[PDB]
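Only one chain is shown below, in structure tokens, and it's the form deposited in one PDB entry.
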């Protein structure tokens, strides 16, 4: 019982309330494509290739999000936002996810869990993850916070 509390709650529904022996993935990168990248890439596209382009992205993205499960991670604390496509997948995988985690929390979590805050998903591997005996969400007053306990 040594830890970090985070005033954030799991981003999704059917995500676990508790995770015993958590393999924590600290992602500094955003698990979502900015409205500006898409709008810009859509405007500059030939009218006929808009849907083709959009499919390539959603597939690349789904392939990229999947690199989280492949690392064996069962908990992912993202510094940025996590979009709905990424929320659903992580939910089905039973992965506990939190978004908009403060930079300070990310740094603390890093040192307390021995995880390496990755800025890109192709760098997410079993070795850059953090360890913690238990990661869980609970009601603390009128707030739902995330508790990272037993920081190994």
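We call the rigid core the largest set of C-alpha positions that still match within 1.5 Å between the two forms. Residue numbers count along the first chain shown, from 1.
Looking at mean Cα B-factors across 55 to 63 and 93 to 101, the upper value is held by 55 to 63.
Look at the C-alpha B-factors of 36 to 44 and of 119 to 127. On average they run higher in 119 to 127. For residue 86, the recorded CA B-factor ranks within the lowest third of the chain. Only modelled residues enter the ranking.
When the CA B factors of the chain's modelled residues are split into thirds, the value for residue 145 lands in the lowest one. Annotation for residue 68: CA B-factor lies in the lowest third of the chain's modelled residues. For residue 109, the recorded CA temperature factor ranks within the middle third of the chain's modelled residues. Ranked within its chain, residue 30 lands in the highest third, by CA B factor from the PDB record.
What comes next is about the form deposited in another entry, which does not appear here.
Of the candidates 70, 49, 111, 103, the Cα that moves 2 angstroms or more after core superposition between this form and the one not shown belongs to 49 alone. Once both forms are fitted on their core, the CA shift for residue 122 between this form and the one not shown remains under 2 Å.
The Cα position of residue 38 differs by 2 Å or more between this form and the one not shown after fitting on the rigid core.
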